[PDB]
Protein chains: 2
Amino acid sequence: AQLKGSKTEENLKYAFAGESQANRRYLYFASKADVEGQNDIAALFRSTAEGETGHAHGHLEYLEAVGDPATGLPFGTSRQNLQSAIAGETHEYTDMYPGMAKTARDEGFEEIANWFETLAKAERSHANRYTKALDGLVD
Amino acid sequence: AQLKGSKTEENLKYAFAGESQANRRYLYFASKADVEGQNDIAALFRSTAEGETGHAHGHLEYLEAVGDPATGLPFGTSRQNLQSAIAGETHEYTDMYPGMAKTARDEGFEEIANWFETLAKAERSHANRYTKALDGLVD
Ligand SMILES: [Co+2]
Ligand SMILES: [Co+2]
Ligand SMILES: [Co+2]
Ligand SMILES: [Co+2]
């Protein structure tokens, strides 16, 4: 049984995206509870979020056999991980966020457009910083 | 201009999913760097991951106007957030992960099937614990 091409590969990718989002959502909910004074609820969102971290990283460990879900590229070693991060970041700032900015502006969401442009610039900074780190990697 | 139904709504959801996964991936990469002794690289993956947290939460803030990307439900208050977490977890443990477990077993991935079954049991625990918290909420 080869994981590449299987339904189970697709399911691991989907479940990795979901667990990832659940951790982000639960930390957002925790910050809302913080402000409200619901400290027990905030602590619960945070503890559950750690669970979803363990789940997402388990999914990712299985996906090491087929490639980084964001890029299709090998991951594992720091050299590979920096390479895949640079490629993904490059996609984000050359394609994804500029295209999202254009669509937002065309649909009349000017603030969201500027937000997507801020993020394109941020992902470009990330890509360039990762590239500098890869240039200096001694492994 | 109405965000609900727009391409920009879908782009916010897609970008939120991507930023969420980027943080999880970069923290995974940080742990690999940890073990390798690449501490400067680990610190960079961690600092970049914080950036992706701020990006994902900015996307979520805009999505408050249309609903939780995981469930369609409103979010913002702890009562709303708990309800949405519960609904999403309920889908994960009753339908999503059991279904992925069956597919994995059918395809010959026994260890991965057992993993999905472990996670179905975990999400049921999460859903029950959140429900207990919601019943105890005083707002
Ligand atoms: Co989970
Ligand atoms: Co980035
Ligand atoms: Co980002
Ligand atoms: Co959960």
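In each ligand, atom 1 is the first atom listed, and ligand 1 is the first ligand listed. Letters A, B, ... are given to chains in the order of the sequence lines, protein chains preceding strands, and every chain is numbered from 1. Atoms considered below: every heavy atom in the structure, side chains included; atoms not considered: hydrogens, waters and symmetry mates.
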Could you check whether A/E52 pairs with A/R25 (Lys NZ or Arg NE/NH1/NH2 to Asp/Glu carboxylate O, under 4.0 Å)? no
Looking at the Co ion (ligand 2), is there an N, O or S atom belonging to A/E92 that lies under 2.8 Å away from it? no
For the Co ion (ligand 2), find the closest N/O/S atom belonging to A/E123 and write down its atom name. OE1
Kindly assign one of parallel, tilted or perpendicular to the pair A/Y28 and B/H57, based on the angle between their ring planes and the thresholds 30° and 60°. perpendicular
For the Co ion (ligand 3), the closest N/O/S atom belonging to B/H55: ND1
Check all N, O or S atoms of B/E52 and name the one closest to the Co ion (ligand 2). OE2
Taking the side chain as C-beta and beyond, is there a heavy-atom pair between B/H126 and A/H55 under 4.5 Å? yes
Closest to the Co ion (ligand 2), which N/O/S atom of A/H126 is it? ND1
Is the closest side-chain heavy-atom distance between A/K32 and A/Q38 below 4.5 Å? no
Are any non-hydrogen side-chain atoms of A/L119 and B/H59 less than 4.5 angstrom apart? yes
Are B/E10 and B/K7 close enough for a salt bridge, meaning some N to O gap below 4.0 Å? no
Any N, O or S atom of B/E19 closer than 2.8 Å to the Co ion (ligand 2): no
Closest to the Co ion (ligand 2), which N/O/S atom of A/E89 is it? OE2
